[PDB]
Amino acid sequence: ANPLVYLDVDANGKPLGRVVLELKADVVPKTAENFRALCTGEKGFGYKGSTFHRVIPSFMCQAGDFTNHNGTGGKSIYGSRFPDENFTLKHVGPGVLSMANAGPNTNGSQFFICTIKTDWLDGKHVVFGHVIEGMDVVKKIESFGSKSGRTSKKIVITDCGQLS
């Protein structure tokens, strides 16, 4: 069955609640496994303690740069980067979980959660899951963003892992 993972998120130390994500291992197993392992921290690194560094209302909330905290860094469990697995799943609406990148075949650890349908990213970013619980928490994160993406509070993934 598809893995379920969680992000517990805070803003300036105040808990916002839990986001639960279903990872579509049935369609993108390699991309799902990378995210799952970065949630559990089992390789010795991952999302715990890192930030949503770029949050743009009516677009998406971006996170996963646990090395540089600014959209330039991150690393996968497969080495630094890994290729785009497929573009089967589309950016259909709020709650889509997809890989951030810097062009083709540059996936590492950065990811985003959409707050709208972002169809112009179809075929360019690998979609690999969806929010199943806690979209209200995603909307709280979104509320601390701005047009440039700079956040007005430090938004931290306080804890994360797999629900089994």
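Sequential numbering from 1, following the sequence displayed.
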For this session: Output the stretch having the higher mean C-alpha B factor in the entry; the candidates are 29-37 and 66-74.
Result: 66-74
Exercise. Is the mean CA B factor in the deposited entry higher across 89-97 or across 76-84?
Worked result: 76-84
Exercise. Looking at 108, 134, 49, 129, which has the highest Cα B-factor in the entry?
Worked result: 49
Problem set entry | Entry-reported Cα temperature factor of residue 138, expressed as the chain third it lands in | lowest
Exercise. Within this chain, which third does the Cα B-factor at residue 45 fall in: lowest, middle or highest?
Worked result: middle
Exercise. By the record's CA B-factor, is residue 120 among the lowest, middle or highest third of residues in the chain?
Worked result: highest
For this session: Using the B-factors in the PDB entry, rank residue 56's C-alpha atom against the chain and give the third, lowest, middle or highest.
Result: middle
